[PDB]
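Since the structure comes first, as structure tokens, the remarks are kept for the end.
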Amino acid sequence: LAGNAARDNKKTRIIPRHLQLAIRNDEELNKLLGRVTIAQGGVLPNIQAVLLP
Amino acid sequence: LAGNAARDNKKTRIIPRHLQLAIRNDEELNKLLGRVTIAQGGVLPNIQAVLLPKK
Amino acid sequence: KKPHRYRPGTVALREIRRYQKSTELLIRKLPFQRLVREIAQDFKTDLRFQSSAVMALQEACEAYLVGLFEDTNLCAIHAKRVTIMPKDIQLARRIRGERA
Amino acid sequence: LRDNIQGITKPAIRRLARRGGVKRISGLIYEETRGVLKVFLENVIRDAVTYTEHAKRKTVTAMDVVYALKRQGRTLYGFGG
Amino acid sequence: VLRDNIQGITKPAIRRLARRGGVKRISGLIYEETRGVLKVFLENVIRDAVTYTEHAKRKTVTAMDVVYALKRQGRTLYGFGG
Amino acid sequence: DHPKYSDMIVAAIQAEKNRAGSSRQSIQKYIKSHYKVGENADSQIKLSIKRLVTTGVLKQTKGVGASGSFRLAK
DNA sequence: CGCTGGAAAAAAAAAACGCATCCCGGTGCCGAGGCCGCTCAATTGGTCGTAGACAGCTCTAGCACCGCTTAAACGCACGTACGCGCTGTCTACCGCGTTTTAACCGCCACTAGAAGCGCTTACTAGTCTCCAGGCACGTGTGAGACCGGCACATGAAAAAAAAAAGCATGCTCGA
DNA sequence: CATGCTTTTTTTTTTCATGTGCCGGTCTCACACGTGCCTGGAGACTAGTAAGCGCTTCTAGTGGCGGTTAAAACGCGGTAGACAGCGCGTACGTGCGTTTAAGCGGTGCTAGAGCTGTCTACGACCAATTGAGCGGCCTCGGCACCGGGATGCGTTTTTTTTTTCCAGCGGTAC
Ligand SMILES: [Ca+2]
Ligand SMILES: [Ca+2]
Ligand SMILES: [Ca+2]
Ligand SMILES: [Ca+2]
Ligand SMILES: [Ca+2]
Ligand SMILES: [Ca+2]
Ligand SMILES: [Ca+2]
Ligand SMILES: [Ca+2]
Ligand SMILES: [Ca+2]
Ligand SMILES: [Ca+2]
Ligand SMILES: [K+]
Ligand SMILES: [K+]
Ligand SMILES: [K+]
Numbered sequence: 065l066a067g068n069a070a071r072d073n074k075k076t077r078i079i080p081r082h083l084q085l086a087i088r089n090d091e092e093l094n095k096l097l098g099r100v101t102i103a104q105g106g107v108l109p110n111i112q113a114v115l116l117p
Numbered sequence: 065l066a067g068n069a070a071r072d073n074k075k076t077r078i079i080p081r082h083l084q085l086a087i088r089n090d091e092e093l094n095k096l097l098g099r100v101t102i103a104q105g106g107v108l109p110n111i112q113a114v115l116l117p118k119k
Numbered sequence: 036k037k038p039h040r041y042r043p044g045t046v047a048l049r050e051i052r053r054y055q056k057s058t059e060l061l062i063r064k065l066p067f068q069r070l071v072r073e074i075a076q077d078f079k080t081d082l083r084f085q086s087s088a089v090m091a092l093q094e095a096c097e098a099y100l101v102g103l104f105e106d107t108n109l110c111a112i113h114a115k116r117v118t119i120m121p122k123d124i125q126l127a128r129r130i131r132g133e134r135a
Numbered sequence: 022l023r024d025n026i027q028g029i030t031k032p033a034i035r036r037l038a039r040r041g042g043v044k045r046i047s048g049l050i051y052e053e054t055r056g057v058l059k060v061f062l063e064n065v066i067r068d069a070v071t072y073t074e075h076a077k078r079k080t081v082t083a084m085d086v087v088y089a090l091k092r093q094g095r096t097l098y099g100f101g102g
Numbered sequence: 021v022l023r024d025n026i027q028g029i030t031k032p033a034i035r036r037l038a039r040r041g042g043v044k045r046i047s048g049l050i051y052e053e054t055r056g057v058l059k060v061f062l063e064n065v066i067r068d069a070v071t072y073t074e075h076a077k078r079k080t081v082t083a084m085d086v087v088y089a090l091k092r093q094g095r096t097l098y099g100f101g102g
Numbered sequence: 024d025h026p027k028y029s030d031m032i033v034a035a036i037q038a039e040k041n042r043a044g045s046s047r048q049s050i051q052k053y054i055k056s057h058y059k060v061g062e063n064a065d066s067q068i069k070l071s072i073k074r075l076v077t078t079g080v081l082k083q084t085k086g087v088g089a090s091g092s093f094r095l096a097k
């Protein structure tokens with residue numbers, strides 16, 4: 065999944081952010097790693113509807 | 065603390081509810097047993113102010 | 036000569052998109068390091084820190100806060116607001132079981 | 022200690038809350054956050070140091086922090102789990 | 021085989037629980053919402069309990085099976101042993 | 024964040040006092056102070072001038088390739 | 001409309017009705033409490049190998065200091081949108097009465113299956129001996145990160161133009 | 001109420017400005033790979049057990065039966081709460097011009113983390129020895145459960161201070 069996220073960013077090498085994106089987007093990995101922080105992971109882009117114009 | 069809660073209910077013998085009352089009213093025991101459910105414990109009386117009738 | 040001026044919120048949103056896209060630590064590295072040592076003194080003086088140890092504390096902190104804000108934001112919105120306020124944070128922590 | 026907790030600048034908190042997808046921030050929040058942040062570091066560092074002391078070390082290691090965060094239920098990956 | 025005991029969790033019983041929670045007024049929609057949540061709970065806990073039962077090569081779910089299960093779910097229970 | 028090292032040069036000789044010749048160091052000193060910069064900017068204004076030299080737009084009054092003085096076509 | 005008085009409705013009193021809870025003593029049951037006899041765990045006292053305390057040695061990493069520049073913070077001015085508080089509508093929920101239901105209790109009969117125990121051997125600990133897979137260190141080269149310059153999509157303002165919102169007409173019932 | 005008219009109002013387009021995204025050309029660090037060596041995983045043994053398995057004891061789990069009666073359920077009526085809407089006052093956002101110190105690269109010193117070798121207390125293992133405390137029987141008295149009665153608190157009715165809502169004269173603008 066990370067390897068996919070990296071191909072999706074025209075990068076040869078997996079970086080943290082890739083591992084995060086992979087995990088937080090897969091229902092089951094997210095749930096397994098529910099209380100885990102991934103160093104240099106960032107968060108999934110997500111802006112609550114009511115906040116948009 | 066439970067023994068106190070029992071004297072405060074004119075009971076000779078500590079029951080669960082006493083153990084709960086003791087724990088949830090002591091800042092530190094509550095925090096230690098924060099993720100523990102005490103069988104037959106009940107909850108502390110607590111009604112949010114805004115829910116009480118107007119005067 | 037006319038000034039150009041984005042409406043209040045248009046930039047905030049841009050900033051949101053910008054920082055969500057990125058992963059760089061958002062607190063200035065030194066002021067944090069001083070805050071770490073300052074707090075550690077309380078527990079024991081003449082303590083030394085692996086630079087990696089400080090970095091770990093910063094990763095953890097930022098991550099934690101970012102998280103708390105996400106939750107706070109929802110509480111704010113849940114009250115038909117857009118502006119987070121202390122009471123929003125307090126609710127979030129009260130429910131998280133962080134505080135009594 | 023100059024209260025380095027002020028070193029956690031308004032704009033830095035704004036930044037964090039932006040990554041949290043917050044659009045508008047009440048002035049009161051900047052102090053509120055500092056307080057919470059302090060409480061966090063207090064609780065985590067305390068434990069970290071406690072591990073340091075148990076190892077009879079004078080130098081807090083990454084692992085000390087890692088082990089400490091695990092205890093607090095805020096596990097951290099990429100500093101040597 | 022006997023389905024839909026979830027209605028057996030009567031409106032008034034939910035009202036009662038929410039009263040002990042210090043709730044004053046309850047939207048009609050809540051009664052079904054709660055049944056669903058309650059089900060999800062029991063599903064997650066029992067699954068684990070049974071999994072412990074099966075590992076012990078038993079056909080009889082013990083209290084301990086439930087206790088051990090709840091501990092896993094981070095909802096420890098005192099006064100049914102260990 | 025103000026690009027066009029062309030625009031940069033052009034704006035610098037312009038706000039430079041009327042000359043029939045203006046030297047690289049006298050413009051490299053204006054551009055660095057009046058706009059944001061790196062340090063290869065010194066080495067980029069070098070390349071920027073050599074392109075403006077080339078296209079006929081900036082013709083050099085005194086000197087040679089780099090160290091000289093430069094004027095505006097018409 | 002302003003200012004003063006009149007009866008017309010309107011929170012702010014009191015006094016009356018009622019329902020729910022608390023508190024008192026009395027009575028009858030169940031489980032706390034204790035004791036006894038039996039069992040198994042602790043204790044004791046000893047013997048033997050090893051964990052880890054320590055001192056000394058190495059050398060990594062953490063610190064202190066220096067001299068920049070620039071990106072970042074700070075502070076002040078300006079005004080837009082948001083909070084929130086007030087007013088008003090409609091109806092969802094609360095409470096309570098008669099009608100319904102099936103939980104609860106208590107007892108009974110039958111049997112899975114829990115729990116136990118002893119027999120036996122497949123299975124893991126364990127040892128010394130052997131050796132290669134994976135460790136620390138060195139070397140190289142290629143991603144990718146940074147730039148500066150250019151077509152890209154998305155915002156905020158000024159302008160231009162259809163779309164609905166208010167003063168001035170002639171004509172024909174109907175009083 | 002149909003024409004026509006002016007007026008403003010919202011709706012369409014123009015017009016800037018942005019920013020941000022994309023793409024070429026260049027320069028470094030970090031991945032990647034190898035070397036070379038060292039130790040931890042493998043082997044091939046012997047030894048000691050845990051645990052599978054099969055039969056035995058009996059606990060307690062299940063399932064059925066029937067007689068209250070506490071609890072659910074349906075329904076009605078009526079408040080009081082959710083909710084939209086509108087308006088007012090300022091706290092928050094943007095940006096500009098000014099202040100700062102984090103940052104970067106660099107240098108030098110040594111606190112102390114780590115590593116080795118060595119010695120000895122300490123803890124495991126074991127076989128005898130024994131009392132703690134377990135399961136199991138038996139016995140009071142706490143309390144639960146009732147009901148009766150006194151007090152406490154909500155609600156309604158009535159009273160009453162209190163706001164309010166028409167009129168009226170004056171008296172001055174069409
Ligand atoms: Ca009037
Ligand atoms: Ca690089
Ligand atoms: Ca390579
Ligand atoms: Ca056995
Ligand atoms: Ca306000
Ligand atoms: Ca100052
Ligand atoms: Ca007794
Ligand atoms: Ca009783
Ligand atoms: Ca009076
Ligand atoms: Ca008059
Ligand atoms: K060190
Ligand atoms: K076996
Ligand atoms: K059984």
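Residue numbers (the entry's author numbering), protein chains in the order written: chain G, 65 to 117; chain C, 65 to 119; chain A, 36 to 135; chain B, 22 to 102; chain F, 21 to 102; chain S, 24 to 97.
Beta carbons: idealized from backbone N, C-alpha and C, even for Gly.
Beta-carbon proximity list for residue i, same chain, < 8 Å, skipping 5 on both sides
i, result
"residue 58 of chain B", "26 and 29"
"residue 53 of chain S", "35, 38 and 39"
"residue 119 of chain C", "none"
"residue 96 of chain S", "79, 80, 81 and 82"
"residue 25 of chain S", "31, 58 and 59"
Interface residues of chain G facing residue i [CB-CB closer than 7 Å]
i, result
"residue 44 of chain B", "115"
"residue 143 of chain A", "Residue 143 of chain A lies beyond the range of chain A shown here (36 to 135); nothing can be said about it."
Partner residues on chain B for residue i, Cβ-Cβ distance less than 9 Å
i, result
"residue 102 of chain G", "97, 98 and 99"
"residue 152 of chain A", "Past the edges of chain A, shown from 36 to 135, lies residue 152 of chain A, and the structure says nothing about it."
Residues of its chain near residue i, where Cβ-Cβ distance is below 6 Å and the 5 sequence neighbours each way are ignored
i, result
"residue 92 of chain F", "68"
"residue 70 of chain G", "78 and 82"
"residue 67 of chain A", "93"
Where residue i meets chain G, residues with beta-carbon distance less than 8 Å
i, result
"residue 23 of chain B", "Result: empty, since nearest Cβ-Cβ is about 29 Å, beyond 8 Å."
"residue 94 of chain A", "101, 103 and 104"
Neighbour list for residue i in chain A, Cβ cutoff strictly below 7 Å
i, result
"residue 71 of chain G", "None at all; the shortest Cβ gap to chain A is about 18 Å."
"residue 41 of chain B", "101, 104, 105 and 108"
Closer than 8 Å at the beta carbon, the chain A residues around residue i
i, result
"residue 106 of chain G", "55, 56, 57 and 58"
"residue 79 of chain B", "81, 82 and 83"
"residue 76 of chain B", "Result: empty, since nearest Cβ-Cβ is about 12 Å, beyond 8 Å."
Within chain G, partners of residue i - CB distance below 9 Å
i, result
"residue 35 of chain B", "Chain G residues near residue 35 of chain B: none, gap ~15 Å exceeds 9 Å."
"residue 119 of chain A", "Simply none; closest approach about 11 Å."
Proximal residues of chain C, C-beta to C-beta of residue i below 9 Å
i, result
"residue 102 of chain F", "Near residue 102 of chain F there are no residues of chain C at all, since even the closest Cβ is about 13 Å away, more than 9 Å."
Expected contact under 8 Å - CB spacing of residue i and residue j to nearest Å
i, j, result
"residue 104 of chain A", "residue 37 of chain B", "6 Å"
"residue 82 of chain A", "residue 75 of chain A", "5 Å"
"residue 55 of chain F", "residue 46 of chain F", "Their Cβ separation, rounded to whole angstroms, is 13 Å, which puts residue 55 of chain F and residue 46 of chain F out of contact at 8 Å."
"residue 40 of chain B", "residue 101 of chain A", "5 Å"
Nonlocal neighbours in the same chain, by C-beta distance under 7 Å from residue i, ignoring five residues either side
i, result
"residue 127 of chain A", "103, 106, 107 and 110"
"residue 70 of chain F", "81"
"residue 43 of chain S", "84 and 94"
"residue 45 of chain S", "36, 39, 92 and 93"
"residue 43 of chain F", "none"
Chain-ordered chain C contacts of residue i [CB-CB under 8 Å]
i, result
"residue 94 of chain F", "99"
Within chain F, the residues that residue i reaches when beta carbons sit closer than 9 Å
i, result
"residue 68 of chain C", "Chain F residues near residue 68 of chain C: none, gap ~20 Å exceeds 9 Å."
Inter-stretch contact (C-beta, 8 Å, three-pair minimum) for the stretch 98 to 111 of chain G and the stretch 65 to 85 of chain G: Result yes; three or more Cβ-Cβ pairs closer than 8 Å.
Touch test, the stretch 78 to 98 of chain F against the stretch 49 to 65 of chain F, Cβ-Cβ under 8 Å, three pairs minimum: Output reads yes: the stretch 49 to 65 of chain F touches the stretch 78 to 98 of chain F.
Near-chain A residues of the stretch 74 to 95 of chain G (beta-carbon distance less than 9 Å), N- to C-terminal order: From the stretch 74 to 95 of chain G, only 79, 80, 81 and 84 have a Cβ closer than 9 Å to chain A.
Contact the stretch 111 to 118 of chain A vs the stretch 46 to 53 of chain A: 3+ CB pairs below 8 Å: Touching, no.
Segment contact, 8 Å Cβ cut-off, at least three pairs: the stretch 85 to 102 of chain C with the stretch 24 to 42 of chain S: No, because fewer than three Cβ pairs between the stretch 85 to 102 of chain C and the stretch 24 to 42 of chain S fall closer than 8 Å, the two stretches do not touch.
Three or more C-beta pairs below 8 Å linking the stretch 56 to 63 of chain A and the stretch 92 to 110 of chain A: Yes, since at least three Cβ pairs between the stretch 56 to 63 of chain A and the stretch 92 to 110 of chain A fall closer than 8 Å, the two stretches touch.
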